[PDB]
Amino acid sequence: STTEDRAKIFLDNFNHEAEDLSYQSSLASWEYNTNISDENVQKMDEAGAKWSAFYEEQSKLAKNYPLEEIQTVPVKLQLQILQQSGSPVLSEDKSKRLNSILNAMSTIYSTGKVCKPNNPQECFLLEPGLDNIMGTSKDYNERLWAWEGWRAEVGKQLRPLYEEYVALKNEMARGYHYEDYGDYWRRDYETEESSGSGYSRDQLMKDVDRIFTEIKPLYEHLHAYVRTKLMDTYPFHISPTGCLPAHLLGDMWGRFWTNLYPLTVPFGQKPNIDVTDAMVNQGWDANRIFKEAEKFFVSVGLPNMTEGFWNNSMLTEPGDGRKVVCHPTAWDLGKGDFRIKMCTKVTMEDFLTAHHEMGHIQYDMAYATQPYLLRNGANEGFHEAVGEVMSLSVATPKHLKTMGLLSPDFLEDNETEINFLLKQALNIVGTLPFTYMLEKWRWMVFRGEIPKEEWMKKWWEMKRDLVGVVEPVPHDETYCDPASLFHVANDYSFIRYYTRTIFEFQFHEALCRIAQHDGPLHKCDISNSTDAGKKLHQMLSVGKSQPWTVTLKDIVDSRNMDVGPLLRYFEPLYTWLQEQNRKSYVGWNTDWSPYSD
Amino acid sequence: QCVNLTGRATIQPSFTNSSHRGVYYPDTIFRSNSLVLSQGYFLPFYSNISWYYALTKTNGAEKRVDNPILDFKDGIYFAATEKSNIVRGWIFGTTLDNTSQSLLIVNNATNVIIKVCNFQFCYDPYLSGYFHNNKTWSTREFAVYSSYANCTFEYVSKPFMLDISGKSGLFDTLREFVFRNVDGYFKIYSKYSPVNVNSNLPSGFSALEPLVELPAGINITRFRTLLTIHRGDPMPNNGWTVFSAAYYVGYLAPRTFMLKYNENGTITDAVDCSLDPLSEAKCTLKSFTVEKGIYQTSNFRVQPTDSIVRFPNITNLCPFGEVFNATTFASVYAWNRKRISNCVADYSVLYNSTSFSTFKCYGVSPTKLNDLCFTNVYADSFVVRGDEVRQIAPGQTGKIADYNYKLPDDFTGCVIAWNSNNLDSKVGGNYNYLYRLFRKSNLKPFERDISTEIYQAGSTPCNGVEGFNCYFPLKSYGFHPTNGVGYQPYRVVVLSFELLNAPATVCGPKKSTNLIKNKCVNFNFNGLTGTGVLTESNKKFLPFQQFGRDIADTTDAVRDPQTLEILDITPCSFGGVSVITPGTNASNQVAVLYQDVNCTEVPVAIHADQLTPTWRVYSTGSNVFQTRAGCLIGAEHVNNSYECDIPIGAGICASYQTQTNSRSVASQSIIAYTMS
Ligand SMILES: *[C@@H]1O[C@H](CO)[C@@H](O[C@@H]2O[C@H](CO)[C@@H](O)[C@H](O)[C@H]2NC(C)=O)[C@H](O)[C@H]1NC(C)=O
Ligand SMILES: *[C@@H]1O[C@H](CO)[C@@H](O[C@@H]2O[C@H](CO)[C@@H](O)[C@H](O)[C@H]2NC(C)=O)[C@H](O)[C@H]1NC(C)=O
Ligand SMILES: *[C@@H]1O[C@H](CO)[C@@H](O)[C@H](O)[C@H]1NC(C)=O
Ligand SMILES: *[C@@H]1O[C@H](CO)[C@@H](O)[C@H](O)[C@H]1NC(C)=O
Ligand SMILES: *[C@@H]1O[C@H](CO)[C@@H](O)[C@H](O)[C@H]1NC(C)=O
Ligand SMILES: *[C@@H]1O[C@H](CO)[C@@H](O)[C@H](O)[C@H]1NC(C)=O
Ligand SMILES: *[C@@H]1O[C@H](CO)[C@@H](O)[C@H](O)[C@H]1NC(C)=O
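Chains U and G are the protein sequences, given in the same order.
Quick note, the first sequence lines up with residues 5 to 601 if you use our numbering.
Quick note, the second sequence lines up with residues 2 to 677 if you use our numbering.
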């Protein structure tokens, strides 16, 4: 035999020991990530260094295997996962310095408290003690205080640490045959010329840019709408044609626009989507929310929850002091077990995160038949995209009424549908230019075309150019203004969310076309849709094994991404906005600033 | 205490035709209307039913008030029924003694109670009726009528309606019935309804419905009748005298019917298989309509009398208790071969266990593996995963079939698997079980591979190390109690069964009934089902082996495992049969081929000497025809023929010819004129 069979049996061996020991690696990761202790520190030590060591030595001995000799394209793509994620070119001192940097980031970001000067002892942590401060808390002088204090309390210890971290990650990606850290973050969207027509990462930059060009008008109309509705609530702090203040968004560091929805609904005086008190009185806890999720998933034609998914995978605090750094997190442990954690409340956005990571689990069981190195998302985007498509289809008020969630006397008129589309417009489109500018800023930084003295003056200028947000104090360069978000502290890839929202409405266009439900993707709930659900199931089951461009060509009959699903999802909202911001002007102006004015 | 005074008669039987009468419905609840064969104790059609006429036209009038000896064996058809409430009540003792248990039968509506008790009495009991103002004429009479005490079996209920008053005409009654008591089932199945004839057993359609089942089940081998002679006024001579009656006694034999079970067990054309060649042709057709042409019948001219089974007297408890509750925790590379040796196992009782996952068999179904029992057996107990349980099926090839325990493409056995959660799962990881995911080639079926070699992947001479191109095949499962159902610890036992000529070793739990001497029976032996006469004939048979073959797997010879004696099976009737011209049309007579053996051996070797009179006037004692394919009785030779064209009639010209034109007395026949 030739070396292709040798590579096949090597990947067989690697897959089976990878499941065998990465199962308890991910199990100890889950055990630390659900209970904080002192011996779970050594659990992290083993579940880190051990798995990293065996994975690295198994990839290192794979280097002699020629990629081009392989004729089997799943085996081929297995080699481009395994060999290209080879040995880190940093030294032992440099790599351990890098790991200490990551640990320092996570620890000092997870302990941040903005504290008043008169009583510095009594103050709140970021989650869930400071997320309310940027929300319903009016009289924004303390909002300004909390914003400035949080920016200082991340900046004074994480500006040069991030600056030096950038150099280490760029050096790490440089030895990985990639030009910069952005390129190693974009390597997940790589295909071949036989099936995916190559699709280099240059195609990724041009595709991301052409996606962003024609989502800019919709976001501009939304931003003008939000400006006009913050005029009356917030006097003179917003320019009529300028940008909007950064400290006055829905949450901290302007990530989501969720809690602006009570401040931005046009005619929400009528009964609307909010069901939270009915969630309280119906007895629908986190567990009952999950049973609702599996009725939705056996309705759509996806497998339900396993017995391990019953007994383990505790979401909230179990009442036993198991301290959790709770964030919406799914767990593909490998083998057969899959887990879910977050501080599961009963609110709308957390209900959609419950469906979101539940769809993550459905994704993970769907390609559970794949090899372990193929047992990931079809790219960085699909993996979140499937769960978010599930979360968006379950969120439709028609679905809420059908399965008894929503009140019987609810009205499905045009205006309440516009209000729901507005809530989705905040929770998605208020994040699209934010995530685009943040990931593009990461790409510029990792490319290194902007030196460290001008990262911030760049950061706040496409904050006024791509997402159209102004800030009260630019913090000069001594602080680390873009480094106070969760995914940037722990250094998660942030094009995941942008391409999640890109593929979100493409998959929802598929799940409104094959499911054939009426309504222009607004009330297009996908429940009791076996054919579209099973078509989505092959789209999940091919997974990473076949390149995601071919997967997109299979699901929506288009090998490339596009904006037009955003149009078919938001066109009555869009047409409403041109008949809503007719008084104001669509767009923003960088000239007006709260420090300048 | 009863003397045979004036009035009694001799045996003087009237061996008349049983007609198309007396078919009861087993399985009273409605079925899937299958027109399949119904085998068991059943009534012969048109047999020599003993009619005795207890009439009173004259003083004597050949009064059948006698009490004749009458054998029960495997059932009775009793049609001693008349609407005038005559001779009601009967005594059915096994030997008709004080030792024997008498199962009385009540055919009147005044007290429907069936009790066994003891009922010790003399040769003749009696009953009478003088006068009563409610058209009952005091049917209960002051007499002894035996006695009842310490009753082993009792049935008391409301005295529901059966019959009353008197018949308008001579035998205006169709209330026939059939009894046989077996295994807690008693048939009192009747057809209470009036139908009038002149004086005959009517040829009305046998469609008597089920009535009741009783849990008595006491064995009956003989019985007796009981009479009612009226004291008051049967005739104006005021003597003891039974009124005008004509009563019937027939017996049930092991045979087969064809029952539709269309609407709650009803039938359209009841066909007793051992009646005539038309009937056996109908039984083979599995329907209720005769075809037109040459036709081969099933081998049911005489049916098996008994279902004899002869298993080895083992009575051992198999180690299956420590197979499914096994502490032996193997792996798929170190798969066990726990031989069960010589024992009796509770086959398919583990299939009844609801805690078990996959009992797919692939070759021997769970039902037929209790009675067909096995020469050799192995356990093959080890551990696999859920996808590996899907893999362990014989037709599926993969890393647990090709590179581990492999099954043959037929396997003639079964495989069980179940969950061993909290049995083989360790919270830190249960790595103690292994598999071999690497081998130089696919494993042959039932090939053990403990060899933990370097696997020699590529051209690398490893010799004890796992290099860049060298890989360890003996790799662990890695179970966890939190692990998923597809990777859950599953215990599998591949219950490999095989049957050879060797004597049976582990068999299913049942009682081996005592062997018959010489009778066409349903032999089972060591699971070898079939039909034939058991004979003690000795042939050149190897002493150790038991499964004979004879010719074309006729398997004549089979060993009794107790006394180690050969017991040949010579079939009571042979194949090679052919209905020359059937009776769908008015050609009512019929004849089927029997054998290349001459028809003079039919009553003695094919054993038709004790059959119904239909097999006498149709098959043993009637016209004989012979062909190159053999011989038959029922058709006659003739010198006239023509070109043989139509496929009806085997080789010598015969078809659906008409004979009504010559004479209309008998209409068409089966004379071999011409293949039309
Ligand atoms: C807290 O997390 C730890 C994981 O590090 C869980 O494990 C136990 O931790 C305690 C510490 O008090 C040890 O004494 C036990 O030996 C650990 N069990 C093991 C290693 O199996 C612990 O269960 C978590 N806390 C709770 C309340 O569940
Ligand atoms: C073997 O273990 C089973 C339970 O795992 C025991 O339970 C049942 O016992 C009855 C008899 O009372 C059997 O008919 C069942 O088949 C058994 N199994 C199940 C699943 O119900 C059983 O008693 C144990 N046997 C021994 C010899 O220890
Ligand atoms: C998943 O669905 C199957 C099929 O209905 C069912 O047997 C099983 O119990 C379900 N599992 C759950 C609800 O955890
Ligand atoms: C899961 O099962 C175990 C044992 O069967 C039990 O102790 C545990 O509480 C269960 N977890 C649930 C029901 O969430
Ligand atoms: C359709 O889905 C709903 C959930 O929205 C569910 O309640 C219902 O049973 C499903 N089936 C039908 C026939 O409506
Ligand atoms: C949208 O809703 C408004 C009411 O708020 C209604 O007047 C209008 O007709 C709706 N648009 C369409 C296209 O029906
Ligand atoms: C359990 O055993 C009985 C025999 O008593 C059998 O009829 C039945 O089919 C068995 N159960 C199943 C599920 O097959």
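No residue lacks a Cβ here, since even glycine has one placed at the ideal position from N, Cα and C.
**OP:** Identify every run of the alpha helix (DSSP H) within the stretch 212 to 298 of chain G, keeping only runs that are complete inside it and at least 4 residues long; order them along the chain.
**Re:** Fully enclosed alpha helix (DSSP H) runs of 4 or longer: 278 to 286.
Original post:
According to DSSP, which residues form a beta bridge with U:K117?
Top reply: U:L129
**OP:** Select from the stretch 458 to 488 of chain G all residues with a C-beta closer than 7 Å to any C-beta belonging to chain U, and list them in chain order.
**Re:** Residues of the stretch 458 to 488 of chain G whose Cβ lies closer than 7 Å to any Cβ of chain U, in chain order: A458, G459, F469, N470, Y472, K476, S477, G479, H481, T483, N484, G485, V486, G487, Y488.
Original post:
What's the gap between the Cα of U:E224 and the Cα of U:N431?
Top reply: 15 Å
Subject >> Rounded Cβ spacing between G:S574 and G:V272 (contact assumed at less than 8 Å) >> reply: The Cβ separation is near 18 Å, so there is no contact.
Original post:
If you check the beta carbons only, do G:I567 and G:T556 fall under 8 Å apart?
Top reply: No; because the gap between Cβ atoms is not below 8 Å, this pair is not in contact.
Original post:
Is it the case that the CB of G:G509 approaches a heavy atom of ligand 2 more closely than 7 Å?
Top reply: no
**OP:** Classify U:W314 as buried or exposed, calling it buried when 16 or more other Cβ atoms lie within 10 Å of its own Cβ.
**Re:** exposed
Subject >> Assumed close pair G:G8, G:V66 - CB separation to whole angstroms, cut-off 8 Å >> reply: 5 Å
**OP:** Would you tell me roughly how many angstroms separate the C-alpha atoms of G:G487 and U:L544, rounded to the nearest one?
**Re:** 18 Å
Original post:
Does the Cβ-Cβ distance between G:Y595 and G:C632 come in under 8 Å?
Top reply: yes
Original post:
Using the rule of at least 16 other Cβ atoms within 10 Å of the residue's Cβ for burial, across every protein chain shown, is G:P462 buried or exposed?
Top reply: exposed
Subject >> Pair within 8 Å by beta-carbon distance, U:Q87 and U:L377 >> reply: no
**OP:** Following the continuous alpha helix (DSSP H) through U:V45, name the residue where it begins and the one where it ends.
**Re:** From DSSP, the alpha helix (DSSP H) with U:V45 extends over 44 to 49.
Subject >> Proximity of G:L212 and G:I189 at Cβ, strictly below 8 Å >> reply: yes
Original post:
Interface residues of chain G around U:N68 at Cβ under 7 Å?
Top reply: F469
Original post:
Would a C-beta distance cut-off of 8 Å place G:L97 and G:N182 closer than the cut-off?
Top reply: no
Original post:
List, in order along the chain, the chain U residues whose C-beta lies closer than 9 Å to that of G:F439?
Top reply: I13, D16, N17
Original post:
Can you list, in chain order, every residue whose CB sits closer than 5 Å to a heavy atom of ligand 3?
Top reply: U:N308, U:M309
**OP:** With distances taken Cα to Cα, identify the nearest neighbour of U:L425 among U:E575, U:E388, U:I499, U:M407.
**Re:** U:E575
**OP:** Say whether chain U places a C-beta atom closer than 8 Å to the C-beta of G:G430.
**Re:** Yes, because at least one Cβ of chain U sits closer than 8 Å to the Cβ of G:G430.
Original post:
In chain G, what lies closer than 8 Å to U:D49 by C-beta?
Top reply: Near U:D49 there are no residues of chain G at all, since even the closest Cβ is about 16 Å away, more than 8 Å.
Original post:
Could you name the residues, in chain order, whose CB is less than 6 Å away from a heavy atom belonging to ligand 6?
Top reply: U:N418, U:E419
Original post:
Looking at the C-beta of U:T351, does it have a partner C-beta in chain G at a distance below 8 Å?
Top reply: no
**OP:** Consult DSSP for G:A10 and reduce its assignment to one of helix, strand or coil.
**Re:** Three-state result, G:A10: coil.
Original post:
Any heavy atom of ligand 7 within a distance shorter than 7 Å of the CB on G:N525?
Top reply: G:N525 Cβ: outside cutoff for every heavy atom of ligand 7.
Subject >> Given 8 Å, three or more beta-carbon pairs between the stretch 351 to 365 of chain U and the stretch 466 to 475 of chain U >> reply: no
Original post:
For ligand 1, is there a heavy atom less than 7 Å away from the beta-carbon of U:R326?
Top reply: Relative to the non-hydrogen atoms of ligand 1, the Cβ of U:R326 comes within a distance shorter than 7 Å of at least one.
Subject >> For G:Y78, the first and last residue of its enclosing beta strand (DSSP E) >> reply: 77 to 79
Original post:
Is there contact between the stretch 511 to 519 of chain G and the stretch 528 to 541 of chain G, where contact requires at least three CB pairs shorter than 8 Å?
Top reply: yes
Original post:
So does the stretch 300 to 319 of chain G actually touch the stretch 352 to 371 of chain G, counting three or more Cβ pairs closer than 8 Å?
Top reply: no
Subject >> C-alpha distance - G:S620 paired with G:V198, whole-angstrom precision >> reply: 30 Å
Original post:
Can you find a CB in chain G that lies within less than 8 Å of the CB of U:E361?
Top reply: For U:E361, no CB of chain G lies under 8 Å from its own CB, so it is not counted at the interface with that chain.
Subject >> The beta strand (DSSP E) enclosing G:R492, as first and last residue numbers >> reply: 491 to 494
Original post:
Any beta-carbon of chain G closer than 8 Å to the one on U:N316?
Top reply: yes
Original post:
Where does U:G434 fall in DSSP's three states?
Top reply: coil
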